[PDB]
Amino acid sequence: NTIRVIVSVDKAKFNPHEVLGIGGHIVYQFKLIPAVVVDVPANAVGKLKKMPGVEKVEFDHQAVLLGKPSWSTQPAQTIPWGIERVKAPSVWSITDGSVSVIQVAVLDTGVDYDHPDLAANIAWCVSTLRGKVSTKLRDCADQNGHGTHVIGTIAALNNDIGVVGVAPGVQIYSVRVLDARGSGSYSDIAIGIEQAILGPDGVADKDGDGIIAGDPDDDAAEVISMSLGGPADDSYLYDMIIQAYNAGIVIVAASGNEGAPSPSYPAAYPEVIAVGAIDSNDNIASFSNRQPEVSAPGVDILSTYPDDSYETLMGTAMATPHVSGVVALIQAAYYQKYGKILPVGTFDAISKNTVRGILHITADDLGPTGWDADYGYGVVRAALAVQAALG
């Protein structure tokens, strides 16, 4: 019948009605890139490619969650091993992430938005599934569990129940881009990245000052966390990754669980921090795809899970939110002190002047000395990173 594609367009020359004319459907017109998600009959893909103003026709590829059940806890608050491993709790007196301009967007299976250990930190929920952007909580709710678990590793509340996140005061945007089985289309994921930049108010840079992340006048997230991965590198997705990066947003993603030689997408992009998984003995997990940028706890990870529950999962998906939490603590501390955020930085940054530079120099260097193919620069450490940021 119909196939989903994403066209990159010249906006002066492209007419969406010409798509409608061939028996297609306009799914989503991106605000931040010159591209449109459309459905067209198979027979019309040729006609699309020749339409005026159509510069590229790309097909809609699939990504999957990167977390699975490993195999449960007392009634009091438990501190999962990985939260102490990334040296987070000592930071909280300085900041636990509750600086008001900071939000972390988690693009995943949705969230148990009323979970007692998460609810006070869930600031906004949206779903982009099938290219239909919804802020109905019933569409945003997690039907899988994975997204709830990831968000609790970042931001579960520090109190007397449940668990606790790396940045337990930080505001979360849950952006639902993966269905009940944890599969997601690249189109929905790119609409999700866009929504994290646009934020609740639907405008990227509302006062027109060119500042998006770290502007208190805007509601852009400062961190986008993607515990998911795909095999394809598509130009429109990368264009959206670059918009986020250029908005000053730190992007973090799981390297993948295939023990493959390099990270999946979007982790593999230069502008994204790829995260590998360690276990509780500081060994790299054998499933962890290699050549990550940093590594973090990703085996036997206890966190929140629907409905008002807790679960132990494993995968590079569980490692990623540890790193996203550390980044939130870095930006929050930096803003608290200076009234601005740090630049994101690059894959090979090695200075205290960028988020990624801090992460790399303060990471616990494991296995062979320096960056290696298993650990990346090593295991992220919040207490040291914040010390570097503020120094």
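A residue's number is simply how far along the shown sequence it sits, counting from 1.
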item: Unresolved deposited residues in the interval that joins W71 and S72; value: 4 to 9
item: Of 258-266 and 187-195, the stretch whose C-alpha atoms average the higher B-factor in the entry; value: 258-266
item: 318-326 or 333-341, whichever carries the higher mean Cα B-factor; value: 333-341
item: Residue with maximal Cα B-factor (values as given in the PDB entry) among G182, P116, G169, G208; value: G208
item: Residue, from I251, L107, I154, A76, that the PDB entry assigns the highest Cα B-factor; value: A76
item: Record-listed C-alpha B factor of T312: chain third; value: middle
item: Cα B factor band for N281 (lowest, middle or highest third within the chain); value: highest
item: Chain-relative CA temperature factor third for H146; value: lowest
item: Where the record places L66 (Cα B-factor, split into thirds across the chain); value: lowest
item: Chain-wide C-alpha B factor ranking for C125, given as lowest, middle or highest third; value: highest
